[PDB]
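In structure tokens, the next block holds one chain alone, the form deposited in one PDB entry.
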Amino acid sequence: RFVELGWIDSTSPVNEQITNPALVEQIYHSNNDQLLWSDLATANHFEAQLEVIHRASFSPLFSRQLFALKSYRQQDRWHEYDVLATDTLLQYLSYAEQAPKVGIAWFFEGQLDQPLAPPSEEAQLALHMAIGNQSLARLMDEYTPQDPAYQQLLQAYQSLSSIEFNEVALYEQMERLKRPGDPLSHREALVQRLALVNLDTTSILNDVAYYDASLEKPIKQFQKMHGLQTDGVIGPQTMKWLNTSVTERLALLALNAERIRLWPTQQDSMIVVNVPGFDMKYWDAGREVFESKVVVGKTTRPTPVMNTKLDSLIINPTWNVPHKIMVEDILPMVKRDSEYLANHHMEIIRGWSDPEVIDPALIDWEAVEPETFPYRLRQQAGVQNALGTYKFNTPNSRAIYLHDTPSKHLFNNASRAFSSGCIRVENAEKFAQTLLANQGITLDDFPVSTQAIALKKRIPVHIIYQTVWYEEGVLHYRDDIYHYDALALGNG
């Protein structure tokens, strides 16, 4: 298959690189077979967009086409460049349209490594019009999220890009922890690395030999920006981020900017949990009506990025221990600690369909193998239940949901990856009250027995993974707990 254009030989390598020759030739024929990319500023603008996608590292497709474009350009093969650019712009338009629909597959469950379906007729009309007006640069901009949050990441990207290769000494210290009052060997590298993330360094005193008062606010601001405990102590967590290179920050800005294409913005009614920020928000009628900290899955039992809906609440839930938890976690402890089941208010039941309670005294524990244990565990409802007082049921293929917790001290931690995958909600009682108020449900008598409550209006729940974002006028960075930034960072 060869692109039917006079000024492209059938033997040209672009015939193997073009994903949609039929549509590309029609666009040219509709435009009198004129070149679309003869304005270098327009070529530059599209390569700069592809360079963001390339650095983000989620798309072998776009990386492959960018490398081919740059090669044709280095050789002044502008006719080939022209047709490959036009093909690649159709892929970009499809990417822009498809990201919010299926993009999880490109960022979290795989990569964008195969060509996409052609963009919509609306995109194809906007392209035809843009070609007529030589407004391709504006078209590309219109197919970015029209969202100040996205533009804040791209603005920082553009600032840092201009100083990417300036030498900045690493911050070094002799001891593991440096506290206010301690001598400092590397004050200048420290102040330069605070300045790199746009913190006000103008009141830091020059040539002071120790961690003085003038450094304390900037250090705590740096800690807060990176989600660290704001203890003022320059330890390994603080230094990891101080010593992050501009190249690595640019990778994080690019990947996080492109991830914004995935996430819904409608505030009709939505719940969003950002895993690596360990927080959540609930919007009703276009307003934030609830926010709280959360606990999320341990790195070995990760909370998946997913879309689901909140179908129902259980007030005073029991906990039906999943088979895998029973076998791997609990029964080994039961075998070694004859007070475990009483202490955790856990009953042995014949099965879910047959909740006959069996006294653990009636079982020969010596003979029990967790793997073959034929009964099930059910934790009684109450304030010490692992689900607390509230289960927020969000049915999905990974069996993830939201719940209250008796372990509320964990919300005081800066890093909150403690669960088996589920999301534990701080102020769960307030979340339930707000949900049920908005649904036109309220209990005149608060049950002290288990009660399942169907939502009348199902609420979309978006579990997202955003390690850089803009909020209250500043950028926030978070540790890549599930290693989804790892390929972009280059850190193996």
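From 1 onward, residues are counted along the sequence shown.
Enquirer: Where do the C-alpha atoms have the higher mean temperature factor in this entry, in 247 to 255 or in 287 to 295?
Expert: The entry gives the higher C-alpha B-factor average to 287 to 295.
Enquirer: Which is higher on mean Cα B factor in this entry, 87 to 95 or 228 to 236?
Expert: Averaging CA B-factors over each stretch, the winner is 228 to 236.
Enquirer: Between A437, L61, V425, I463, which one tops the list for Cα B-factor in this entry?
Expert: The record points to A437.
Enquirer: Highest recorded C-alpha temperature factor, please, choosing from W106, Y81, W352, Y143.
Expert: In this record, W352 carries the highest C-alpha B-factor of the candidates.
Enquirer: Could you look up the Cα B-factor of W263 in the entry and say which third of the chain it sits in: lowest, middle or highest?
Expert: According to the entry, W263 has a C-alpha B-factor in the chain's highest third.
Enquirer: Based on the entry's values, in what third of the chain does the Cα temperature factor of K70 lie: lowest, middle or highest?
Expert: According to the entry, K70 has a C-alpha B-factor in the chain's middle third.
Enquirer: Lowest, middle or highest third: where is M129 by C-alpha B factor in its chain?
Expert: It falls in the bottom third of the chain.
Enquirer: State the tercile, meaning the lowest, middle or highest third, of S338 with respect to the CA B-factors recorded for its chain.
Expert: For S338, the deposited C-alpha B-factor lands in the highest third.
Enquirer: By its CA B factor, does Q223 count among the lowest, middle or highest third of the modelled residues in the chain?
Expert: Its C-alpha B-factor, which the entry lists for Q223, ranks in the lowest third among residues of this chain.
Heads up, the form deposited in another entry isn't pictured, but that's what we're talking about next.
Enquirer: From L40, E167, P374, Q266, grab the one where the chain hinges as the two rigid parts shift between the shown form and the other one.
Expert: So the residue sitting at the hinge would be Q266.
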